[PDB]
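For reference, the chain that follows is the form deposited in one PDB entry, supplied as structure tokens.
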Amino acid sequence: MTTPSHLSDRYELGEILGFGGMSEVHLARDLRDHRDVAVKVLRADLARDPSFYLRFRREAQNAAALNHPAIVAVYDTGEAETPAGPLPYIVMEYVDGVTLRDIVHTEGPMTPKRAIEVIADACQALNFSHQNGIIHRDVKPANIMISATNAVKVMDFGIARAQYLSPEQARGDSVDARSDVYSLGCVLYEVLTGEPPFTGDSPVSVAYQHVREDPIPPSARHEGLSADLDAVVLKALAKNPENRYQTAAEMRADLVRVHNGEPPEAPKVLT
């Protein structure tokens, strides 16, 4: 079962780049604009499943389109008619790079300074989104890439539908910029320690832990991590949104302090 060689007459597919729970991403040439793009398409094997067809249209295809250097731009969406059936797709900015999920998997924890740099840049992407009224809602290692020229790129903003969810998302409360802060804190935790804050035999077990259980401070999970870093990470991961960083920009400012070896403003954490 293949994905067609073309999507409309416009997009000529090249190499496969990646795949996920519901889609496959291909490098493509836009023949109209002479541009290499990434085309995300419903996976060829799941393509006959109505439940996935629906998810793809309602979720993947609804990624918000934002113009920022740290955000993967969304160019186009559509549906190709395939001998098998209608095949939905979304066209976006091509990133020659690797997701943070892959980096952690293949290389282990990032050095602390590199981790701070990467997450500080993610904060800029989130600030821009928030300033433009969009909550990301699904910040996770899989939604952040680093390019071959070391630029951070954040993707797949503003979609509806456990390792990275905020307590409020677990509870069905209001989700806001502070929920994105929390979830980015989880990512930061994971790139520093090599492990996410909470692991469980199920998503309900992980959700429970987000609501109810204190994360182990990063310096307890892994060597070379300071108490200043514990302080920043543990603030982003506060259960009560009022005790977290209130904005992505407030979080970034403490990251930049720690990068420059200045004390963060986050409450001290002792171990």
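Sequential numbering from 1, following the sequence displayed. Residues that one form lacks are left out of the comparison. C-alpha atoms forming the largest set that superposes within 1.5 Å between two forms make up the rigid core.
Same protein, other form: the form deposited in another entry, not shown, and the subject of what follows.
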query: Which one of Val211, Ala227, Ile216, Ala65, by Cα shift of 2 Å or more between the shown form and the other one, core superposed; finding: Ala65
query: Threshold 2 Å Cα movement between the shown form and the other one for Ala238, core superposed; finding: no
query: After fitting the core, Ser51 CA displacement of 2 Å or more between the shown form and the other one; finding: yes
query: Cα distance between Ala60 and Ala207, which in the other form differs by 3 Å or more from this form, closer or farther; finding: farther
query: Distance trend in the other form - C-alpha atoms of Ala64 and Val233, change of 3 Å or more; finding: farther
query: Rigid-core superposition between the shown form and the other one, with residue runs of at least 3 whose C-alphas all shift by 2 Å or more; finding: 31-35, 42-65, 83-85, 158-161
